[PDB]
């Protein structure tokens, strides 16, 4: 593809939500969570979907969010970020969504991918829905 890797992958996560596909959204989760925390995480994704009122009429990519890199002898061994979209539903309601994304983790390849999703209305993080686990 012809965009940043972070944006390409993030756009496909937003498409899972537009379509309400928890199989596909969950297949982005890290290995340790698919092996260990499947029933918890799929049920938390359902809530995420019940928190979105109506079909998504539009979305737009805000940045990478923040995160960390580490590089050793020229080679990246750790890279975290938080891909973010604003989006709007058929009701008129604007949401903001942020996915926790451990893009590269060489010491721990089983932690690579999504671990956490966060969501709120009109950019109000004082009342957010936070799902997933911390790594």
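Numbering follows the first chain given and starts at 1.
In this entry, 25-33 shows the higher mean Cα temperature factor of the pair 25-33 and 98-106. Here the stretch with the larger average CA B-factor, out of 61-69 and 38-46, is 38-46. Based on the entry's C-alpha B-factors, the most elevated value among 120, 10, 117, 16 belongs to 16. For residue 88, the recorded CA B-factor ranks within the middle third of the chain. Only modelled residues enter the ranking.
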